[PDB]
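Chemist: My questions will all concern the structure given below.
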Amino acid sequence: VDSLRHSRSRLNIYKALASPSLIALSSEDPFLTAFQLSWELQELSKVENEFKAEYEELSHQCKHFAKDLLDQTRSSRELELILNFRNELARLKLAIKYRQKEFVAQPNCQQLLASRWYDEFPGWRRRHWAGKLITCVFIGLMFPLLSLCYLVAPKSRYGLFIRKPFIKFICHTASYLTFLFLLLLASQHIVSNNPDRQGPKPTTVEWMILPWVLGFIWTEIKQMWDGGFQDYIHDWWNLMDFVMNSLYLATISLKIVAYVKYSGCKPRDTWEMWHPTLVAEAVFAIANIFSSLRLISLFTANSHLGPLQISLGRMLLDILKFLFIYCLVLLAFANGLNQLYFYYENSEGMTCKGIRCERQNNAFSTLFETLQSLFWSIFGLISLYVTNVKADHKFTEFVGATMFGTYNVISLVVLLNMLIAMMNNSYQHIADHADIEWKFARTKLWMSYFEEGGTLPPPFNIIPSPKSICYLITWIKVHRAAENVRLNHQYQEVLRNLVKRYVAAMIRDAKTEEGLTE
Amino acid sequence: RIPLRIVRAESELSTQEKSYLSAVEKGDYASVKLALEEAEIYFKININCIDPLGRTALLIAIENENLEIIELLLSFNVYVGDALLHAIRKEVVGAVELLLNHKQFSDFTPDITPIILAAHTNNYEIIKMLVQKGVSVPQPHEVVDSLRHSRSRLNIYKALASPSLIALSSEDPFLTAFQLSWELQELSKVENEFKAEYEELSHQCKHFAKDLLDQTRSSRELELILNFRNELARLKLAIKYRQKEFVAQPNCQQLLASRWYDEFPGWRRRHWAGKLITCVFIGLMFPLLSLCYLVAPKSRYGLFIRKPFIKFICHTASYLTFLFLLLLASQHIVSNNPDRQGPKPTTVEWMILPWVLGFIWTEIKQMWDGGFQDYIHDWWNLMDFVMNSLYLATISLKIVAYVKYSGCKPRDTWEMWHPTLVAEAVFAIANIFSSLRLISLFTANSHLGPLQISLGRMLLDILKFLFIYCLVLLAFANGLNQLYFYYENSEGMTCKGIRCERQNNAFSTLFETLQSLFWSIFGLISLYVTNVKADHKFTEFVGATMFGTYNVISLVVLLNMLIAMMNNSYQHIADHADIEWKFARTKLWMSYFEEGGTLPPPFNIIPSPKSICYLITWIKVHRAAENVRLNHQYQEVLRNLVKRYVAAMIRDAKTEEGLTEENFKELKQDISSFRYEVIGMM
Amino acid sequence: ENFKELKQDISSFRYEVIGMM
Amino acid sequence: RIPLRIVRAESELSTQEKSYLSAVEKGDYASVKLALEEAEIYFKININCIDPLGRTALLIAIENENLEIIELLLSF
Ligand SMILES: CCCCCCCCCCCCCCCC(=O)OC[C@H](COP(=O)(O)O)OC(=O)CCCCCCCCCCCCCCC
Ligand SMILES: CCCCCCCCCCCCCCCC(=O)OC[C@H](COP(=O)(O)O)OC(=O)CCCCCCCCCCCCCCC
Ligand SMILES: [Ca+2]
Ligand SMILES: [Ca+2]
């Protein structure tokens with residue numbers, strides 16, 4: 187009934203709640219309160235988009251409180267108590294879920310996480326890059342042996358060696374590189390079948406590819422289950438994985454269909470369009486591109502290519518908005534050019550029609566062909582003589598050439614440079630939080646390799662376990695801890711000490727370090 | 017809703033405790049004395065009470081700069097605890113004086144000792160009075188509780204890298220600053236979680252060195268500083295430790311330029327025309343100067359090439375002569391005929407040969423006198439190594455072709471991988487590298503120098519970006535080859551690939567796909583390479599869509615991201631443009647100060663007067696009282712510079728500051744204590 | 733330096749007043 | 017480890033010197049006049065003493081904007 191008073195009062199009682207002093211004097215767990223409150227303020231900056239800025243600032247403040255409350259730790263045992271509070286590292290996973298980038302990227306958190314990342318490799322900081330490279334290649338090369346040992350004897354001196362997060366990250370990376378090299382071999386004439394064969398009866402390389410595909414699909418299914426479907430799609434790499442595995446499923450199904458419907462062989466030139474085998478090769482090639490692009494996500498692990506890859510991923514949204522505007526410009530000029538040129542569509546003579554031919558014939562004679570012509574015009578791949586017709590109509594040709602020239606001016610010397618300008622503005626800010634965001638991403642990647650589940654790489658992922666039927670049959674068959699209180703009190707003492715230190719060192723001394731006004 | 021209650025704030029103060037702490041706040045000496053004397057007959061006060069936010073009575077008096085109340089409180093035996101540490105952290109010299117001679136929760140990490148915290152504050156008076164007592168700081172190692192260990196190491200490196208502590212101790216502050224900056228730089232690699240912090244510390248050390256050298260008032264004293272242990287030894291040491299600010303100090307550069315010319319008074323007041331004429335003049339007679347230094351290296355002209363600028367001009371002239379010889383090597387007027395296997399090298403190549411041998415000899419000498427780690431730190435040195443390897447390959451391949459192909463036949467009929475053909479190829483690549491070795495001679499120029507250095511400083515971001523682009527390229531190459539390898543065609547065409555008039559198979563092999571996608575980013579691949587000799591419009595459309603998506607990703611997304619990253623890089627790089635360029639120019643200049651490496655490469659390979667004495671003997675292996700005098704004279708110089716530095720950047724720079732809220736609180740407290748005294752004594 | 737001057741003026745004022753009464 | 021000792025900071029002040037320089041710091045005209053008049057019968061004070069960071073009595077009074085003490089010090 188009074189929107190102004192209501193919104194203002196809500197802002198006033200959220201700015202009060204998100205106060206380090208009030209969170210320190212009250213709120214049994216300041217860490218949980220800070221996380222929840224930052225999340226709530228972030229959501230309100232979407233709901234209340236007129237006060238968005240203000241709410242965002244408040245949210246940010248909460249985040250720093252968490253960080254600055256964790257910087258008051260003086261011991262690794264106390265910090266471990268803070269981070270392992272309710284399998285393990287539970288409070289850190291909670292921080293990851295609430296997107297507390299500053300809390301995660303705190304130096305002591307990262308130091309503890311790296312110590313848990315190596316677990317058998319004292320050094321790797323004082324070691325020279327040569328020995329690092331040799332040993333990573335070495336362990337990657339014998340990834341299948343390590344996985345085999347974990348299959349058969351997952352308790353020996355070698356079966357537990359893959360249990361170490363860095364070792365199993367190397368093993369998964371090696372298995373993925375093996376997969377990609379198999380995709381490369383799939384396009385070599387030395388290990389392929391002949392092209393004049395409908396229903397190819399898949400070769401040895403494709404057979405070896407198949408276990409990787411099944412393992413990838415199984416891993417994606419497990420992620421979709423253990424984590425839900427909302428958090429699953431928040432990662433764009435997960436969407437790319439879903440598309441990749443859908444495409445590989447399509448490849449398998451189309452190959453199967455072609456094998457059970459096309460038992461004959463005939464030269465490929467005479468095949469008909471939309472042949473199941475042809476579509477199978479097409480979708481397999483698209484899936485190959487996506488599989489090989491899934492290799493850029495393994496650079497969050499690298500301190501040199503990590504911040505860069507994260508920042509490039511952070512510029513994409515501006516690219517998408519700009520490309521939406523460009524698509525509208527493209528559609529406008531396509532509509533105009535097609536309207537001008539569709540009366541002179543020509544077939545007699547030429548045997549290949551379109552712009553994908555040596556002599557680029559009809560380029561604006563259909564809307565689809567116009568769209569392709571205007572797309573390839575921005576890379577200079579459309580010649581200037583496509584604006585002509587087989588008549589002496591110099592006026593229509595001149596008008597068409599002027600539409601085409603205006604489209605090139607708008608897109609190549611106006612919009613493209615505006616894109617450069619917007620990207621520069623974006624990268625000014627993005628590079629400020631480059632280390633924080635990259636360390637958040639690397640923490641997510643690292644933490645994905647801390648669990649016992651998902652230890653074997655995909656080729657060995659699909660192996661009937663020792664039971665293999667016990668957790669399979671039973672899964673569908675649905676249709694006195696006094697340590698808890700002790701842990702809670704010990705955490706309470708830790709938290710008391712941290713809040714005391716925080717009040718002393720950032721409320722009492724930081725206020726003193728100020729600038730006196732009039 | 018939300019009832020609010022106190023948590024984790026247990027202790028609250030009685031009325032007497034609040035009154036006594038408020039008296040200590042206001043500076044009321046009479047009230048504090050009264051409450052403290054009433055704290056011994058019948059205590060009932062808890063003399064060591066703690067206010068909210070901690071802030072004990074002794075600590076309150078410390079925060080108020082009230083020395084009278086501090087002496088009184090100590091006279092009544094209060095628990096000082098960390099009083100010394102809060103006094104030091106606040107830079108309170110009087111309280112530090114009182115608490116230094118006086119016979135669980137804390138605001139300080141238990142590894143913090145008084146001297147460490149004092150050195151953190153960089154206050155010279157407190158550090159001075161702590162050192163006299165006999166404190167010491169732990170020594171960390173070269174380079187169970189990870190948090191405590193890392194934090195303690197950082198605390199004792201931030202203390203060590205303190206201008207006040209380096210000035211009060213450390214017999215040679217210059218050596219200490221150099222070594223400490225180097226150590227902190229290495230630790231910013233080992234301890235990559237605290238990297239930033241260590242880097243900042245390292246930077247601070249560097250400035251100390253610079254600001255300790257800015258306190259020189261005489262060129263003789265500065266020469267003593269820089270020539271300390284042939285000559286300019288301490289400057290070479292600064293170069294080795296990468297002390298860019300120390301090297302780029304204006305007085306260092308002025309002295310270095312004076313040693314750079316040595317016969318050319320002027321060159322600052324001279325017009326560019328005379329400069330150009332005389333440089334061309336001396337370059338033109340470089341061979342005569344080198345000849346004189348060969349035969350009579352003591353005459354009025356044999357010593358003329360000994361001057362660093364003259365010999366830099368001579369080396370540049372010899373290099374330009376070499377490059378012009380490479381240009382002549384590709385002219386049909388001074389070459390042999392192409393239909394000749396085993397060419398029997400022409401006159402131009404013969405004249406090229408001494409330059410090649412001299413270049414190889416120079417690179418060998420650099421690899422020796424300087425080691426192999428410092429040698430490869432320079433990228434120009436790697437380029438030189440590749441260049442000379444390529445020229446060695448050229449000579450060897452020409453020799454092989456001369457002793458295996460004595461016949462002549464038309465070139466069109468030659469076979470691939472012919473030694474002569476490979477010789478020409480590697481020679482051409484070496485020509486490119488030789489001609490690119492000419493960009494390094496622009497660090498000597500004040501206009502093209504900072505630019506060339508900055509462009510060299512952007513390359514690393516280019517390499518990271520190009521690694522990402524290579525992955526994108528490999529992804530789309532894999533996809534396109536997978537789509538197109540079934541339509542590989544041979545019948546008809548006689549030239550296959552994209553390097554032909556009618557660009558045939560472009561994605562039919564992985565190598566050809568890689569080339570197609572590489573040349574696609576310059577628009578040199580036509581659109582009709584995505585077609586096949588069949589009516590399969592679906593596969594052609596899918597291939598054209600892979601190709602179009604690759605062009606969108608690479609030409610309008612990645613390329614612009616590269617522009618953005620380069621812009622961000624160049625914002626920062628251009629800030630330290632002069633400093634880095636002057637460092638690079640100092641390195642270039644200093645490379646021409648020695649007696650070794652004086653003759654240019656064509657004359658470098660000449661049997662010396664002995665030519666066998668240092669050759670035979672080199673393999674046959676299988694009472695200086697001036698030193699102490701130099702050391703003491705340097706010590707006096709260093710004493711004066713440290714005195715000046717303390718006076719002019721510790722005493723005056725601290726004064727030039729901005730007063731915080733604590734200064735207003737101190738002023739108010741002084742007025743209140745004055746008020747209470749006056750009212751109480753009348 | 734201005735805060736130091738102010739503090740010094742107050743202290744000298746204080747010493748005069750205390751010493752003359 | 018790393019025992020720390022004073023280098024290149026030779027001169028240290030006696031108790032009377034510190035008291036007199038502290039009086040000049042605080043602006044104490046009576047104490048400075050007394051110590052300066054006791055610096056002529058039996059000197060034992062080194063009227064021109066130098067504090068750490070230099071900062072001589074005259075220079076101290078200059079830094080404190082105290083003109084009365086400056087006139088007195090010049091008068092002696
Ligand atoms: C440095 C790069 C500068 C880019 C070029 C600037 C154009 C300068 C004028 C060129 C004229 C010379 C040709 C004359 C002969 C002729 O008739 O040629 C006309 C030419 C080509 O036609 P012909 O080949 O048939 O002659 O076409 C054009 O010149 C069209 C230019 C229009 C410019 C539009 C710019 C408006 C900005 C866009 C707004 C941004 C958002 C829009 C999205 C909704
Ligand atoms: C101002 C410059 C703007 C650049 C152009 C924007 C593209 C707009 C859409 C064009 C569509 C028109 C053609 C329609 C007909 C057709 O089918 O044509 C499709 C065309 C060409 O195919 P055809 O010639 O066979 O028709 O191909 C494409 O359109 C592909 C566009 C995909 C865009 C990808 C952008 C994603 C950003 C990359 C992420 C960065 C990192 C990635 C590395 C891992
Ligand atoms: Ca996934
Ligand atoms: Ca070299």
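First to last, the sequence lines map onto chains A, B, C and D. Quick note, the first sequence lines up with residues 187 to 272, 284 to 676, 694 to 732 if you use PDB author numbering. Quick note, the second sequence lines up with residues 17 to 119, 135 to 174, 187 to 272, 284 to 676, 694 to 753 if you use PDB author numbering. Residues in the third sequence are numbered from 733 upward in steps of one, following PDB author numbering. Residues in the fourth sequence are numbered from 17 upward in steps of one, following PDB author numbering. A virtual CB, placed ideally from N, CA and C, is assigned to each residue, including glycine.
Take B/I86 as the anchor and find which of B/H151, B/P68, B/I66, B/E113 has the nearest alpha-carbon.
Modeler: Of B/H151, B/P68, B/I66, B/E113, the residue nearest in Cα terms is B/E113.
Chemist: Chain B partners of residue 142 of chain A, CB-CB under 8 Å?
Modeler: Not covered by the structure: residue 142 of chain A. The range shown for chain A is 187 to 732.
Chemist: Nearest chain B C-beta to residue 276 of chain A closer than 7 Å, yes or no?
Modeler: Position 272 is followed directly by 284 in chain A, which means residue 276 of chain A is not present among the coordinates.
Chemist: Quick check: does the Cβ of B/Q420 come within less than 6 Å of any heavy atom belonging to ligand 4?
Modeler: Yes, since a heavy atom of ligand 4 falls inside the 6 Å radius drawn around the Cβ of B/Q420.
Chemist: In chain order, what are the residues with a CB under 6 Å from some non-hydrogen atom of ligand 1?
Modeler: Counting every residue whose Cβ lies closer than 6 Å to a heavy atom of ligand 1, we get A/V526, A/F595, A/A598, A/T599, A/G602, A/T603, A/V606, A/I607, A/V610, A/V611.
Chemist: Residues of chain E with CB closer than 8 Å to the CB of B/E156, please, in chain order.
Modeler: Checking the listed chains, one finds no chain E in this structure; the protein chains it contains are A, B, C and D.
Chemist: Could you check where the alpha helix (DSSP H) with A/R191 kicks off and where it finishes?
Modeler: Its alpha helix (DSSP H) spans residues 189-203.
Chemist: Is B/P216 close to chain D, meaning its C-beta is less than 7 Å from at least one C-beta of that chain?
Modeler: Chain D, which has no Cβ nearer than 7 Å to the Cβ of B/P216, makes this no.
Chemist: Would you mind working out which of A/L571, A/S580, A/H630, A/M620 sits nearest A/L609, comparing C-alpha positions?
Modeler: Residue A/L571 is the option with its Cα nearest to A/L609.
Chemist: Among A/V708, A/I633, A/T584, which has the Cα closest to the Cα of A/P216?
Modeler: Closest by alpha carbon: A/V708.
Chemist: Can you give me the start and stop residues for the alpha helix (DSSP H) that C/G751 sits inside?
Modeler: C/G751 -> alpha helix (DSSP H) spans 734-751.
Chemist: Determine whether the beta carbon atoms of B/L568 and B/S344 lie at a separation below 7 Å.
Modeler: No.
Chemist: Assuming contact is defined by CB atoms lying nearer than 7 Å, are A/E226 and A/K253 in contact in what I supplied?
Modeler: Not in contact: A/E226 and A/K253 (Cβ atoms no closer than 7 Å).
Chemist: Looking only at C-alpha atoms, which of A/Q536, A/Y582, A/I522 sits nearest to A/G551?
Modeler: Here the closest residue by C-alpha is A/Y582.
Chemist: Below 8 Å on the Cβ atoms is my guess for B/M753 versus C/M753; work out the distance and round it to an integer in Å.
Modeler: Going by Cβ atoms, the distance from B/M753 to C/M753 rounds to 7 Å, so yes, they are a contact pair.
Chemist: If we cut at 7 Å on Cβ distances, does C/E733 have a partner in chain B?
Modeler: Yes, C/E733 counts as interfacial toward chain B.
Chemist: Could you pull out every residue in the same chain whose Cβ sits closer than 6 Å to the Cβ of B/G70, ignoring the five residues on either side in sequence?
Modeler: There are no such residues.
Chemist: Check this for me: beta carbons of A/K249 and A/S224, under 7 Å apart or not?
Modeler: Yes. Within cutoff.
Chemist: Alpha carbon to alpha carbon, how far is A/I522 from A/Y241? Give it in angstroms, no decimals.
Modeler: Each residue's alpha carbon lies about 29 Å from the other.
Chemist: Examine the Cβ distances between the segment 375-383 of chain B and the segment 487-503 of chain B and report whether three or more of them are shorter than 8 Å.
Modeler: Yes, since at least three Cβ pairs between the segment 375-383 of chain B and the segment 487-503 of chain B fall closer than 8 Å, the two stretches touch.
Chemist: Could you give the residue range of the beta strand (DSSP E) that holds B/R71?
Modeler: Where B/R71 is concerned, the enclosing beta strand (DSSP E) stretches over 70-72.
Chemist: Can you tell me the Cα-Cα spacing of B/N558 and A/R296, whole angstroms?
Modeler: In a straight line, the C-alpha of B/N558 is about 52 Å away from that of A/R296.
Chemist: Against chain D, does B/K159 count as a neighbour if the rule is that its beta carbon must be under 7 Å from one of theirs?
Modeler: True, the Cβ-Cβ gap to chain D drops below 7 Å.
Chemist: Can you name the residues that DSSP bridges to B/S167?
Modeler: Per DSSP, D/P19.
Chemist: State the DSSP-derived secondary structure class of B/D67, mapped to helix, strand or coil.
Modeler: Correct three-state label for B/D67: strand.
Chemist: Please classify B/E566 as buried or exposed, where buried requires at least 16 other C-beta atoms within 10 Å of its C-beta.
Modeler: With 16 or more other Cβ atoms within 10 Å, it is buried.
Chemist: Going by DSSP in three states, B/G425 sits in which element: helix, strand or coil?
Modeler: Three-state result, B/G425: coil.
Chemist: With 7 Å set as the bound, which would you pick, yes or no: does the beta-carbon of D/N64 sit closer than that to a beta-carbon of chain C?
Modeler: Taking Cβ atoms only, chain C never reaches closer than 7 Å to D/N64, which makes this a no.
Chemist: Spatial neighbours of A/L502 within its chain, please: C-beta separation below 6 Å, excluding the five flanking residues on both sides.
Modeler: Answer for A/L502: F496, listed in chain order.
Chemist: In the structure shown, what three-state DSSP assignment does B/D393 receive?
Modeler: If DSSP states are grouped into helix, strand and coil, B/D393 belongs with coil.
Chemist: Would you mind stating whether B/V713 and B/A210 have Cβ atoms separated by less than 7 Å?
Modeler: Contact: yes.
Chemist: Check for me: the alpha helix (DSSP H) holding A/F340 runs from which residue to which?
Modeler: First-last of the alpha helix (DSSP H) with A/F340: 340-349.
Chemist: If we count Cβ pairs, one from each stretch, closer than 8 Å, do we get three or more for the segment 411-430 of chain A versus the segment 457-474 of chain A?
Modeler: Contact between the segment 411-430 of chain A and the segment 457-474 of chain A is absent, because fewer than three Cβ pairs lie under 8 Å.
Chemist: Can you look up A/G328 in the DSSP assignment and give me helix, strand or coil?
Modeler: Looking at A/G328 - three-state DSSP - the assignment turns out to be helix.
Chemist: Which residue's Cα is closest to the Cα of A/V457: A/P399, A/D438, A/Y541?
Modeler: Closest by alpha carbon: A/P399.
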